[PDB]
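First, one chain by itself: the form deposited in one PDB entry, in structure tokens.
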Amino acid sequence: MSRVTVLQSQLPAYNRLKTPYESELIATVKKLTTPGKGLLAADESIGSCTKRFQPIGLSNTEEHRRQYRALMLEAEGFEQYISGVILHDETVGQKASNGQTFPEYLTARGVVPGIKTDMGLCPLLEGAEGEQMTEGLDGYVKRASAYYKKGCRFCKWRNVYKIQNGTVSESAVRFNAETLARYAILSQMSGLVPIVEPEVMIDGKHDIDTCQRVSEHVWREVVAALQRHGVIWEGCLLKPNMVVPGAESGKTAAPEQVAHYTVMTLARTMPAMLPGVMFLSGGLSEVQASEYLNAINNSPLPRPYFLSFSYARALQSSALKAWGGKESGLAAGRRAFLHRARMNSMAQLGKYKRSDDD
């Protein structure tokens, strides 16, 4: 019969995140889920830029990295296909040729500036050898708030899961899901729409069925963690891997099959309220990235969420090659970029034509 007066916030059923940024997060989500548009992931680390530049003989310097981002961001008309850009910490403070910082340059053109906020992969130290966790939660709100003041309105955090012997440890499944969930809450509290990226890596000899089982298992726990932390579903996005056979499996998957497996897996795990799913391109070729997204947007399976792209190499490869790191290559580089952006825009609408890439 003993009754006690407590705070509503101390009751399990009243744990939904409370933030004054809710309306803005929703508004940002709306912009990021615009039909025919997707995201450009230009958040490559300095180390990743080394790999990008090696093939074209461009030294990896701050000025060259600025020019690398400018190649894409200053491509006239890209906003027709790109709704948001995931920037690297360094780039947020750099400037376009006109004096505008990149976030200002994007915002001026209706493109939402985003920021990769995780601090990289580290050994998990639990589970199986080779598994990794992601650092970055300490001091997160301080960093996120600084990015917000600079114009960023969304962010991205990547956790990886490595399929070994057809499985992944429960230690990794649980720990990385909790990391992603905490990241999502801290982001929303800071005014940034969080793009949750639980990437089941393509590396390995596993077949598509194994990727499907592991992906469903991994993503289901990510959702469970988000529910426990009280995420605002209306204000977040997912950036998952498509379900495909392992890179060293030696097997192939028709776009129709990839679409079936991918859409089926998302539907079995994701709440219907999830606003959007922006696929990572991972180890996919530029063409596969477009073909798969197109098939996904032609799937008869349940898919209430906006299904689009958040590609890095799949949107940059040809452009970098055509550019060659030379001013005289800007025009060719930009034509290549806009072409890939257009193809993926069409794929988002389910109207991509393979003959356009011939």
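All residue numbers refer to positions in the sequence shown, first residue = 1.
J.: On mean C-alpha B-factor from the PDB entry, just flag whether 35-43 or 317-325 is the higher one.
T.: Averaged over C-alpha atoms, the B-factors run higher in 317-325.
J.: Please compare 326-334 with 293-301 and say which has the higher mean C-alpha temperature factor in the record.
T.: Per the PDB record, 326-334.
J.: Choose from 221, 118, 76, 234 the residue with the greatest Cα B-factor as stated in the PDB record.
T.: Result of the comparison over 221, 118, 76, 234: 76.
J.: Out of 269, 288, 227, 134, which one has a C-alpha B factor higher than all the others in the entry?
T.: Comparing C-alpha B-factors across 269, 288, 227, 134, the maximum falls on 288.
J.: For residue 250, return the chain-relative third of its C-alpha B-factor as stated in the PDB record: lowest, middle or highest.
T.: Tercile = highest for this residue's CA B-factor.
J.: Which third of the chain holds residue 174 when residues are ordered by C-alpha B factor: lowest, middle or highest?
T.: Bottom third by C-alpha B-factor.
J.: According to the PDB entry, is the CA B factor of residue 280 in the bottom, middle or top third of its chain, that is, lowest, middle or highest?
T.: Middle third, going by the recorded CA B-factors of the chain.
J.: Lowest, middle or highest third of the chain for the C-alpha temperature factor of residue 311?
T.: Lowest third of the chain for residue 311's C-alpha B-factor.
J.: Place residue 67 in the lowest, middle or highest third of its chain's C-alpha B-factors, as listed in the PDB entry.
T.: Answer is middle: the recorded C-alpha B-factor places it there.
The form deposited with a small molecule bound exists for this protein as well; it is not shown, and the discussion that follows is about that form.
J.: Would you classify residue 280 as touching the small molecule in the entry with it bound, given a 4.5 Å non-hydrogen atom cut-off?
T.: Yes.
J.: Do residue 312 and the small molecule come within 4.5 Å of each other in the entry with it bound, heavy atoms counted?
T.: Yes.
J.: Give a yes or no for residue 156: in the entry with it bound, does one of its heavy atoms lie within 4.5 Å of a heavy atom belonging to the small molecule?
T.: Output for residue 156 is yes: heavy atoms within 4.5 Å of the small molecule.
J.: Hey, in the entry with it bound, does residue 32 get a heavy atom within 4.5 angstroms of the small molecule?
T.: Flag for residue 32 set to no.
J.: What stretch, of 312-320, 291-299, 54-62, 24-32, brings heavy atoms to within 4.5 Å of the small molecule in the entry with it bound?
T.: Every other range fails; the passing one is 312-320.
J.: To verify the annotation, which of these, 229, 162, 143, 239, has a non-hydrogen atom within 4.5 Å of the small molecule in the entry with it bound?
T.: Spelling it out, the residue with a heavy atom inside the cut-off is 239.
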